[PDB]
Structure formats: structure tokens, C-alpha cells
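Student: Mind folding the following:
(chains A and B)
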Amino acid sequence: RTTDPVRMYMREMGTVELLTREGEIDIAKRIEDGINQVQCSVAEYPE
DNA sequence: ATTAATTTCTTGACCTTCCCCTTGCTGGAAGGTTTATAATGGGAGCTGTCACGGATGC
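Tutor: Numbers count the residues shown, from 1 in each chain, chains lettered A, B, ... in the order given. You can find the structure just below:
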């Protein structure tokens, strides 16, 4: 509905919601869970 | 129609740079990697540009 790519980039930014401190450490814990799932699943690999 | 003293040709025998390299650093240039308090909706015309068609919405 516009012609500037940075304004619809700001629209796509405003589609998603920001984080508080507890949200920041929750997304950090989700990153930790996504890392540790591969870290424990690679322990079952013979290579 | 002949050849003997000059005058060129040819061949070793010498003469330079170009470039890579000598041990031992010394400096310069190109490319990639962290740094761990708090950092969360950014920014910039310029119109005082006017009169056409080509596509959009009643």
C-alpha cells in the first residue's frame, strides 16, 4: 500500500512484539533449550 | 681463362642487467574476531512545477 521498503520493514517490525527483561531471559532460555536439544540428541549418535 | 694481399663473415671469448635469493629482522598492508552495566518505533526532502494520457473507482 506504499512505495518505501523501509516503511513496510517498520510495519513488519511492528507486527511482532518486543520483550521485557523476563521475556529476554525467557527467549534466552528458549535458545538454551534449542541448543541443548541438539546437544543431548547428538549424544545418541555413534559418530 | 689462372691466383695472391686486402676486405669482409663467422666463432669463441668475454661483459652487463633481471630476478630470485641469501640470515636476520623490520615495517607495512589485507583480512577476520572480540569487547560483556546500563543502551528497544530511525530519518529526510520540498512543495513556488504546469499540462497531457493511462488506468481506478462509482
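Student: Might you enumerate the residues of chain A proximal to DNA strand B?
Tutor: Within chain A, the positions adjacent to DNA strand B are A:4, A:6-7, A:9-11, A:13-14, A:18-20, A:24 by C-beta under 7 Å from any atom of the strand. (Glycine included, C-beta is placed from N, CA and C.)
Student: can you do 6 Å?
Tutor: Applying C-beta under 6 Å from any atom of the strand, we find that chain A lies next to DNA strand B at A:6-7, A:10-11, A:13-14, A:18-19, A:24.
Student: element containing the residue of chain A found nearest DNA strand B, please.
Tutor: Nearest to DNA strand B, among the residues of chain A, is residue A:14, at 2.4 Å (C-beta to the nearest atom of the strand). Using DSSP states H and E, residue A:14 sits in helix A:5-15.
Student: and that helix, what other elements does it pack with?
Tutor: For helix A:5-15, there is no helix or strand it packs on, judged by 3 or more C-beta pairs under 8 Å, 6 or more residues apart in numbering; DSSP states H and E.
Student: All good on my end, thank you.
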